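S.K.: This structure is in structure tokens; I'll ask about it shortly.
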Amino acid sequence: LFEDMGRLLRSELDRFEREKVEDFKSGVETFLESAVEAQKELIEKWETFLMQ
Amino acid sequence: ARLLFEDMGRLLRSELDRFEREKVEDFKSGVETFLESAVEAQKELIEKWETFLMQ
Amino acid sequence: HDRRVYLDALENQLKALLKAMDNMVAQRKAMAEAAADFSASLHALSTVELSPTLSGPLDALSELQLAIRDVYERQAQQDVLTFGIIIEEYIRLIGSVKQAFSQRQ
Amino acid sequence: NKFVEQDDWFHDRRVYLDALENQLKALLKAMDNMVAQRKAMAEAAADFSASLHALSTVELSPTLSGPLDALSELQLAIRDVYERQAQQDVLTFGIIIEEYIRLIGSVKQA
């Protein structure tokens with residue numbers, strides 16, 4: 001059972017890592033969409049008052 | 001003395017009026033400098049995103 | 001020992017990203033909070049000018065500061081907060097597999 | 001013109017640009033931190049990149065590694081945007097704020 005516990009710990013590791021890659025990619029993507037939307041709103045505002 | 005107060009004040013109005021106009025011109029150029037740099041910097045993020053979206 | 005060094009390395013990184021998240025949320029409050037009163041300060045003197053092409057721009061510039069205020073503040077909530085949730089999620093998960101390890105001991 | 005009106009315009013300008021100067025000092029302080037954080041949001045993202053790389057050594061599996069590096073690089077672009085932005089927004093506002101104080105500051109001597 002100590003051997004199979006270590007098979008499980010390995011398995012959990014390989015799993016853990018796999019989750020991590022996907023999670024943080026979505027993390028970055030949600031950031032991108034937001035970063036552009038913040039800046040786009042200022043651009044639209046800057047034109048509005050360029051036109052005065 | 002009262003006469004001088006009026007014309008100092010007329011000057012002051014012109015001064016205010018000039019000052020505000022400058023403060024817009026100041027902010028407007030600054031904004032433009034930003035607008036350009038910001039569009040490229042973000043354009044660049046989007047390009048980076050495409051490269052790494054297509055993996 | 002491999003695992004101990006490796007997952008101690010992630011935790012330190014995750015702990016460092018967390019104190020960044022706190023600062024980044026804190027330092028959206030002013031300029032945003034400042035510009036919310038910059039707008040009223042400018043708007044105020046815009047009741048004093050009535051000459052159409054200085055009054056008009058100055059009120060637009062006021063409006064501009066409010067714009068900067070709304071966006072700057074929104075960004076604590078946009079971006080920082082998305083990361084603070086997933087950073088926190090990891091540290092707990094790391095905690096939990098610390099228990100699994102213990103079980104192996 | 002009228003003498004009252006000339007004093008009315010005086011007290012108004014003096015009060016307004018006293019509010020504004022003290023205001024401008026608060027927005028300037030806000031900047032000083034912003035440069036300081038953008039400096040170290042970047043370090044924040046150096047750690048982040050490092051963990052992705054540090055995890056590509058302990059997995060290797062073909063269809064997980066490929067995205068994982070791409071993501072490290074993505075992150076390095078974000079790292080870089082953070083550095084960039086100190087000289088975009090922070091530097092731009094900080095210079096004009098100081099400048100408006102100079103102009104108010106000259107009208108205090110007047």
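Each chain in the structure tokens gets a letter, A, B, ..., in the order shown, and its residues are numbered from 1; ligands are numbered from 1 in order too.
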Report the closest atom pair, with its distance in Å rounded to one decimal, for each residue of chain B that has an atom no farther than 9 Å from chain A; count only C-alpha atoms, sort by chain and then rising residue number, and write it as a Markdown table.

M.R.:
| residue | atom | partner | partner_atom | distance |
| --- | --- | --- | --- | --- |
| B:28 | CA | A:50 | CA | 7.2 |
| B:31 | CA | A:46 | CA | 7.4 |
| B:32 | CA | A:46 | CA | 8.6 |
| B:35 | CA | A:43 | CA | 7.0 |
| B:38 | CA | A:39 | CA | 7.9 |
| B:39 | CA | A:39 | CA | 8.6 |
| B:42 | CA | A:36 | CA | 6.9 |
| B:45 | CA | A:32 | CA | 7.8 |
| B:46 | CA | A:32 | CA | 8.0 |
| B:49 | CA | A:32 | CA | 8.3 |

S.K.: Select from segment 8-93 of chain C every residue with an atom at most 12 Å from any atom of segment 75-95 of chain D, then for each give the shortest pair of atoms and their distance in Å to one decimal, using only C-alpha atoms, rows by chain and rising number, as a Markdown table.

M.R.:
| residue | atom | partner | partner_atom | distance |
| --- | --- | --- | --- | --- |
| C:24 | CA | D:82 | CA | 11.7 |
| C:31 | CA | D:93 | CA | 10.1 |
| C:35 | CA | D:93 | CA | 11.8 |
| C:65 | CA | D:93 | CA | 11.5 |
| C:68 | CA | D:89 | CA | 10.9 |
| C:72 | CA | D:89 | CA | 11.0 |

S.K.: Write out, as a PDB file, in the first residue's frame, the residues just selected, with C-alpha atoms.

M.R.:
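The result, written out as selection-v7.pdb:
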ATOM      1  CA  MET C  24      -1.893  46.582  -7.053  1.00  0.00           C
ATOM      2  CA  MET C  31      -5.105  58.394  -8.920  1.00  0.00           C
ATOM      3  CA  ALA C  35      -9.293  62.269 -10.033  1.00  0.00           C
ATOM      4  CA  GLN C  65     -10.624  63.172 -15.247  1.00  0.00           C
ATOM      5  CA  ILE C  68      -9.624  58.278 -15.938  1.00  0.00           C
ATOM      6  CA  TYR C  72      -8.341  53.177 -13.292  1.00  0.00           C
TER       7      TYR C  72
END

S.K.: With only C-alpha atoms counted and 7 Å as the cut-off, give the residues of chain A in contact with chain C, each with its shortest interatomic distance in Å and the pair that gives it, as a tab-separated table.

M.R.:
residue	atom	partner	partner_atom	distance
A:2	CA	C:104	CA	6.9
A:5	CA	C:104	CA	6.4
A:27	CA	C:83	CA	6.8
A:31	CA	C:79	CA	5.4
A:34	CA	C:78	CA	6.2
A:38	CA	C:71	CA	6.2
A:49	CA	C:60	CA	5.9
A:52	CA	C:57	CA	5.8

S.K.: Okay, now the selection with C-alpha atoms, as a tab-separated table (two decimals), in the first residue's frame?

M.R.:
chain	number	residue	atom	x	y	z
A	2	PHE	CA	3.07	2.37	0.72
A	5	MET	CA	0.39	5.50	-2.14
A	27	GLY	CA	-5.98	33.39	-16.19
A	31	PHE	CA	-6.47	39.41	-18.21
A	34	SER	CA	-9.75	43.12	-19.78
A	38	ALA	CA	-9.68	49.22	-20.20
A	49	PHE	CA	-12.64	65.16	-25.92
A	52	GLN	CA	-14.00	68.52	-27.50

S.K.: Pull out every residue of chain D that has at least one atom within 10 Å of chain A, counting only C-alpha atoms, and report them as a list in words.

M.R.: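 Taking only C-alpha atoms into account, residues 48, 52, 55, 56, 58, 59, 60, 61, 64, 65, 67, 68, 69, 70, 71, 72, 74, 75 and 78 of chain D sit within 10 Å of chain A.
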
S.K.: Looking only at the backbone, which of the residues in chain C does DSSP tag as alpha helix (DSSP H), as JSON, numbers by chain?

M.R.: {"C": [2, 3, 4, 5, 6, 7, 8, 9, 10, 11, 12, 13, 14, 15, 16, 17, 18, 19, 20, 21, 22, 23, 24, 25, 26, 32, 33, 34, 35, 36, 37, 38, 39, 40, 41, 42, 43, 44, 45, 52, 53, 54, 55, 56, 57, 58, 59, 60, 61, 62, 63, 64, 65, 66, 67, 68, 69, 70, 71, 72, 73, 74, 75, 81, 82, 83, 84, 85, 86, 87, 88, 89, 90, 91, 92, 93, 94, 95, 96, 97, 98, 99, 100, 101, 102, 103, 104]}

S.K.: In Å, rounded to a single decimal, give me how far atom CA of residue 2 of chain D is from atom CA of residue 103 of chain D.

M.R.: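 We find that atom CA of residue 103 of chain D and atom CA of residue 2 of chain D lie 27.8 Å from each other.
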
S.K.: Restricting the calculation to only C-alpha atoms, which member of B:36, B:24, B:30, B:47 is positioned closest to chain D?

M.R.: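 Distance minimum relative to chain D lands on B:30.
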
S.K.: Counting only C-alpha atoms, which residue out of B:44, B:54, B:37, B:21 sits closest to chain C?

M.R.: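 Under the stated criterion, the closest residue is B:21.
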
S.K.: Give me, as CSV, the closest atom pair and its distance (Å, one decimal) for every residue of chain B within a cut-off of 12 Å of chain C, counting only C-alpha atoms, rows sorted by chain and rising number.

M.R.:
residue,atom,partner,partner_atom,distance
B:13,CA,C:49,CA,9.6
B:14,CA,C:49,CA,11.5
B:16,CA,C:49,CA,9.4
B:17,CA,C:54,CA,7.2
B:18,CA,C:54,CA,9.3
B:19,CA,C:54,CA,10.3
B:20,CA,C:58,CA,7.4
B:21,CA,C:54,CA,7.0
B:22,CA,C:54,CA,10.7
B:23,CA,C:58,CA,9.3
B:24,CA,C:61,CA,7.3
B:25,CA,C:57,CA,10.7
B:26,CA,C:61,CA,11.5
B:27,CA,C:61,CA,8.9
B:28,CA,C:61,CA,9.6
B:31,CA,C:64,CA,10.9

S.K.: Restricting the output to N, CA, C and O atoms, write the selected residues as a CSV table (one decimal), in the first residue's frame.

M.R.:
chain,number,residue,atom,x,y,z
B,13,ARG,N,-7.9,87.9,-16.3
B,13,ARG,CA,-8.9,87.3,-17.1
B,13,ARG,C,-8.2,86.7,-18.3
B,13,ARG,O,-8.2,85.5,-18.5
B,14,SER,N,-7.5,87.5,-19.1
B,14,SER,CA,-6.7,87.1,-20.2
B,14,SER,C,-5.7,86.0,-19.9
B,14,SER,O,-5.6,85.0,-20.6
B,16,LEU,N,-6.0,83.9,-17.2
B,16,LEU,CA,-6.7,82.7,-16.8
B,16,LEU,C,-7.0,82.1,-18.1
B,16,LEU,O,-6.9,80.9,-18.2
B,17,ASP,N,-7.5,82.8,-19.0
B,17,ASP,CA,-8.1,82.3,-20.2
B,17,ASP,C,-7.1,81.7,-21.1
B,17,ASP,O,-7.2,80.6,-21.6
B,18,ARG,N,-5.8,82.3,-21.2
B,18,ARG,CA,-4.7,81.7,-21.8
B,18,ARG,C,-4.3,80.5,-21.0
B,18,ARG,O,-4.1,79.5,-21.7
B,19,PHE,N,-4.2,80.6,-19.7
B,19,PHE,CA,-3.7,79.5,-18.9
B,19,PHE,C,-4.4,78.2,-19.1
B,19,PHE,O,-3.8,77.1,-19.4
B,20,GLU,N,-5.8,78.2,-19.2
B,20,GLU,CA,-6.6,77.1,-19.3
B,20,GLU,C,-6.4,76.4,-20.6
B,20,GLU,O,-6.2,75.2,-20.7
B,21,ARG,N,-6.3,77.3,-21.7
B,21,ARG,CA,-6.1,76.8,-23.1
B,21,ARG,C,-4.8,76.1,-23.3
B,21,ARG,O,-4.8,75.1,-24.0
B,22,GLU,N,-3.7,76.5,-22.6
B,22,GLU,CA,-2.5,75.9,-22.6
B,22,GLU,C,-2.6,74.6,-21.9
B,22,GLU,O,-2.2,73.6,-22.6
B,23,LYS,N,-3.3,74.4,-20.8
B,23,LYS,CA,-3.4,73.2,-19.9
B,23,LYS,C,-4.0,72.1,-20.7
B,23,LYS,O,-3.6,70.9,-20.6
B,24,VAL,N,-5.1,72.4,-21.6
B,24,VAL,CA,-5.7,71.4,-22.6
B,24,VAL,C,-4.6,71.0,-23.6
B,24,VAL,O,-4.5,69.8,-23.7
B,25,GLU,N,-3.8,71.9,-24.2
B,25,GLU,CA,-2.8,71.7,-25.3
B,25,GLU,C,-1.8,70.8,-24.7
B,25,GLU,O,-1.5,69.8,-25.3
B,26,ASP,N,-1.4,71.1,-23.4
B,26,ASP,CA,-0.5,70.3,-22.7
B,26,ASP,C,-0.9,68.8,-22.5
B,26,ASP,O,0.0,68.0,-22.6
B,27,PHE,N,-2.2,68.5,-22.2
B,27,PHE,CA,-2.8,67.3,-21.8
B,27,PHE,C,-3.1,66.6,-23.1
B,27,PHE,O,-2.8,65.3,-23.2
B,28,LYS,N,-3.6,67.3,-24.1
B,28,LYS,CA,-3.9,66.8,-25.5
B,28,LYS,C,-2.7,66.2,-26.1
B,28,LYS,O,-2.7,65.1,-26.6
B,31,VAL,N,-1.7,63.1,-24.2
B,31,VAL,CA,-2.6,62.1,-24.5
B,31,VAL,C,-2.3,61.4,-25.8
B,31,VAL,O,-2.4,60.2,-25.8

S.K.: From the list D:109, D:63, D:49, D:23, which residue is nearest chain C when using only C-alpha atoms?

M.R.: D:23

S.K.: Could you pull the residues within 8 Å of residue 44 of chain D, counting only C-alpha atoms, minus those fewer than 6 positions along the same chain, as a list in words?

M.R.: residues 16, 17 and 20 of chain C

S.K.: Can you tell me, as number ranges by chain, what residues are no more than 12 Å from residue 5 of chain B when counting only C-alpha atoms, ignoring any on the same chain fewer than 5 positions away?

M.R.: B: 10-12; D: 1-7, 9-10

S.K.: If the cut-off is 7 Å, can you tell me the residues of chain D near chain C, counting only C-alpha atoms? I'd like them as a list in words.

M.R.: residues 16, 19, 20, 23, 26, 27, 30, 41, 44, 47, 48 and 51 of chain D

S.K.: Please tabulate, as a Markdown table, the residues of chain B that come within 6 Å of chain D, each with its closest pair of atoms and the distance in Å to one decimal, counting only C-alpha atoms and ordering rows by chain, then residue number upward.

M.R.:
| residue | atom | partner | partner_atom | distance |
| --- | --- | --- | --- | --- |
| B:9 | CA | D:6 | CA | 5.9 |
| B:34 | CA | D:88 | CA | 6.0 |
| B:52 | CA | D:70 | CA | 5.4 |
| B:55 | CA | D:67 | CA | 5.8 |

S.K.: Can you measure atom CA of residue 35 of chain D to atom CA of residue 101 of chain D for me? One decimal in Å is fine.

M.R.: 20.1 Å

S.K.: Measure the distance from atom CA of residue 12 of chain D to atom CA of residue 62 of chain C in Å and round it to one decimal.

M.R.: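 Result for atom CA of residue 12 of chain D versus atom CA of residue 62 of chain C: 17.8 Å, one decimal.
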